[PDB]
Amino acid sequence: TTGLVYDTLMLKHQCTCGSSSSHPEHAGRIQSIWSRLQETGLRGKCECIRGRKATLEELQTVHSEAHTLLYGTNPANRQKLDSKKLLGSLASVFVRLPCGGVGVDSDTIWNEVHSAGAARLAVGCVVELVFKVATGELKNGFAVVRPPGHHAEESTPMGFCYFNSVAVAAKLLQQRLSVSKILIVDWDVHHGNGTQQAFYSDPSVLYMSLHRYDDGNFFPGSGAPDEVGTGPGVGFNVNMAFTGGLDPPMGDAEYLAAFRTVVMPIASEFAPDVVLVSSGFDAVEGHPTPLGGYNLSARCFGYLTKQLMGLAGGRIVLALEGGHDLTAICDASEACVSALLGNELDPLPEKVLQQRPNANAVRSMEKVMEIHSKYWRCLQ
């Protein structure tokens, strides 16, 4: 049986300027996905679980105390709980954004009444779902959550992320269940700099990201192929980094090629007990060159989901990260839940299924393969 998680309190994370048109990561993203699953009958076939807020203890597996006080509490308790006197003056943390609202860095917003709650419910929702699948109470699941997580570093929010929901899930799985091997696949078009950071030296967690890299200036500018891990973790960080720009743009042929030749062989060798997926949908057609640039179909994510479902005895959980375009993210979410439920994949055209990946795609794949050939038998 497939699980779903969602909570309407996540809608309340909204800029104080009162206008979501200045802020791409907006409440409507989840709301629409949520109704799409209703109007297709998919929600009816799933178990919808009860979310909760993450405790500060739970957030502190990934993030510092200072950071968890700053973004996990309302202002009154923020003083109450900072007995260690870690925080300086809030005067220096808050700035006025170009839209007139309150934020923290030049891009990222902050609502003092609602964002802390919302950021913590996003984590707690994922955690609840992940643990329910890991203990075998559910087959698999999809976490329709907001705000996103994978850019949140130990002590820095960025890319509209405040806490790394998926990282925390994983850490809790280690600490409270002693799960031996965890796989995190991050197919959001942007690199998950936070997640990479959180497990770079840990060989019991393998992080694989497919993302646009282009020689280091695509956001967030981390995630190079030769970043492979450190210490005992060497080899358990796989950056499937696409280089060459948008000439031509990457699409279904390219991604399916990378799965077959890089992601799935390595994942199979690792043979993980649980699979977590940072499931951003910004790689889909309809994401302009700043936000995306690539041309995947939503359908395609059905194929990617199905492939991952073969691992870990099916114990797979997808959590929303990026993806802006409403049609795209609803279509893609449709495909994935449909896959998780067990339905036959709504296919791609034979024209595509026979397409050789572009020169850039191939070159990008061969560089990763050469590097990780040192660490994985299936690449020799």
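Residue numbers run from 1 along the displayed sequence.
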| query | finding |
| --- | --- |
| Stretch with the greater mean C-alpha B-factor as recorded in the entry, comparing 157-165 against 91-99 | 91-99 |
| Mean C-alpha B-factor comparison - 351-359 and 66-74, higher one | 351-359 |
| 290, 272, 235, 149, ranked by C-alpha B-factor: the highest one | 290 |
| Among 200, 131, 187, 301 - the residue whose C-alpha B-factor is largest in the record | 301 |
| Residue 212 - which third its CA temperature factor falls in, relative to the rest of the chain | middle |
| Assigned third (lowest, middle, highest) for the C-alpha B factor of residue 248 | highest |
| Modelled-residue ranking by C-alpha temperature factor, third containing residue 43 | highest |
| Chain-wide C-alpha B factor ranking for residue 191, given as lowest, middle or highest third | lowest |
| For residue 26, the third of its chain into which the C-alpha B factor falls | lowest |
